[PDB]
Visitor: 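Before I ask anything, here is the structure I am working with.
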Amino acid sequence: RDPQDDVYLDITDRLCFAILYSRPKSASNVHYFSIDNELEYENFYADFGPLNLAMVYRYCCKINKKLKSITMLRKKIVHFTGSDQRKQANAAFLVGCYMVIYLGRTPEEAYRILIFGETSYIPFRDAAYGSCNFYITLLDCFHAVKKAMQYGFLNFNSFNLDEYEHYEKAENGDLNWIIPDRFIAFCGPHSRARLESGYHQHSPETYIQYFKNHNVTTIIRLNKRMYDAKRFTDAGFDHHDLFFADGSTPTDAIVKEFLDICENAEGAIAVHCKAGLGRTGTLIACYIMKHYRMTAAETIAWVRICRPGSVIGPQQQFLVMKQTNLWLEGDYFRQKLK
């Protein structure tokens, strides 16, 4: 909490990361830039990050842009962050992502570097109200990012920033792809829109075109009923109602039923609850732990990076608890198919 705790950490022979508790001191051959007020997290409640897939992308682009410029080829680049622990975690989060994605570093090597100066980062909290029951560390986010690369979940070669930023907005539907070509999480539609100010409520229609052009063939409602299934089924979409108590955990019957559907859907699946954060992210997470054998913490990190605020309160304990089981089921699954 004092400029005594300032620290500089080398990432590459030209890229440096600093946690300055005071005024950055200049130099003719050193370029300083901060993202604390450029790539800010939009918090629901007490959550404070990690930053979403887009901001990650924007950051990785700002770096490559700065290293490529001929106006500073002979300068060292220092990404500095401030005295806000929350801002420090996210900033460190971005350098970490850059090392994994663009550099060829491992999640552990990247974590090792970031904590070399001995900095103590506060782990990422959830969006529930009051006391958190589970936290995801930077290392957890690095493993999540790594695997996403190995599994085509993340591909900054094809990633479309304008498209991602367009649909996450409430006025455009507030939707995010979790697994490209396979899963979408969005806000539950209301029977009859109301985009006419006050709120940005959407009817099932505003999603139909997007869903078809992106091969969505299934839809799952975990929320209560705000519209008639007909409006989706009449457009050729297979619909399902796996509803379960808001802010609660899903029974094993629901999970086995959710996994079944997904496993047999013939294309992308769009999932939604009221906000498409809690219940929605929880079941999609289950699918991932089962088929990609990722950990509850690795999976929860990937999801929140895609759609910030997902998985809440008890839902976190649920996944963590179920991990071993889904892993084992996915083991038998893959083998029966072999």
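All values below come from the heavy atoms of this structure, side chains included, with hydrogens, waters and symmetry mates left out. Quick note: residue numbers are just sequence positions, from 1.
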Visitor: Name the atoms and distances for all side-chain donor-acceptor pairs under 3.5 Å in residues 98-105, with sequence neighbours left out.
Guide:
{"from": "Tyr98", "atom 1": "OH", "to": "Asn64", "atom 2": "OD1", "distance (Å)": "2.7"}
{"from": "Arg105", "atom 1": "NH2", "to": "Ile11", "atom 2": "O", "distance (Å)": "2.4"}

Visitor: For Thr295, does its backbone N or O pair with a side-chain atom of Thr299 as donor and acceptor, under 3.5 Å?
Guide: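 Yes, because the side chain of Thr299 sits within donor-acceptor range (under 3.5 Å) of the backbone of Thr295.
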Visitor: Which residue pairs pass the ring-ring contact (aromatic ring centres under 6.0 Å, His included) test with at least one member in residues 33-52, sequence neighbours excluded?
Guide: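 For residues 33-52, and leaving out neighbouring residues, the ring-ring contact (aromatic ring centres under 6.0 Å, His included) pairs sorted by first residue read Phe33-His79, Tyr45-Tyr129, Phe48-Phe124.
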Visitor: Considering the options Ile63, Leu51, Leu161, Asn52, which one meets the side-chain contact (heavy atoms from CB on, under 4.5 Å) requirement together with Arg58?
Guide: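 Testing each of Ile63, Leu51, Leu161, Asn52 against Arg58, the sole residue satisfying side-chain contact (heavy atoms from CB on, under 4.5 Å) is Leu161.
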Visitor: Using modelled atom types and a 3.5 Å cut-off, is there a donor and acceptor pairing between side-chain atoms of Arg293 and backbone atoms of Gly330?
Guide: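 No, because the side chain of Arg293 does not come within donor-acceptor range (under 3.5 Å) of the backbone of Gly330.
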Visitor: Closer than 4.0 angstrom, basic N to acidic O: yes or no for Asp252 and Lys322?
Guide: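 Counted as a salt bridge, because a side-chain N and a carboxylate O are separated by less than 4.0 Å.
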Visitor: Take atom CG of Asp181 as the centre, draw a 6.0 Å sphere, and report whether it contains more than 12 heavy atoms from other residues, nucleotides or ligands.
Guide: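 Count not over threshold, so no.
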Visitor: Is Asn215 reaching over with its side chain to a backbone N or O of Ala268, donor-acceptor style, under 3.5 angstrom?
Guide: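 Between the backbone of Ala268 and the side chain of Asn215 there is no qualifying donor-acceptor contact (under 3.5 Å).
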Visitor: Is a side-chain donor-acceptor pair under 3.5 Å present for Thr106 with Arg112?
Guide: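 No donor-acceptor contact under 3.5 Å links the two side chains.
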Visitor: Are any side-chain N or O atoms of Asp140 and backbone N or O atoms of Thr137, one a donor and one an acceptor, separated by less than 3.5 Å?
Guide: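 Confirmed, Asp140 side chain pairs with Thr137 backbone.
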Visitor: So, does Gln323 use its side chain to make a donor-acceptor pair with the main chain of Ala296 at under 3.5 Å?
Guide: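 A pair under 3.5 Å: yes.
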Visitor: Quick one: name the residues clustered hydrophobically with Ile184, using the 4.5 Å side-chain heavy-atom rule over I, L, V, M, F, W, Y, and just say none if it's on its own.
Guide: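 Besides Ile184, the cluster holds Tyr167, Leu175, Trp177, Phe186, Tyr207, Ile208, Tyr210, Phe211, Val216, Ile219, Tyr227, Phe232, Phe237.
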Visitor: Please verify the inter-ring angle class for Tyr287 with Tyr292; under 30° counts as parallel, over 60° as perpendicular, anything in between as tilted.
Guide: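 Plane angle over 60°, so perpendicular.
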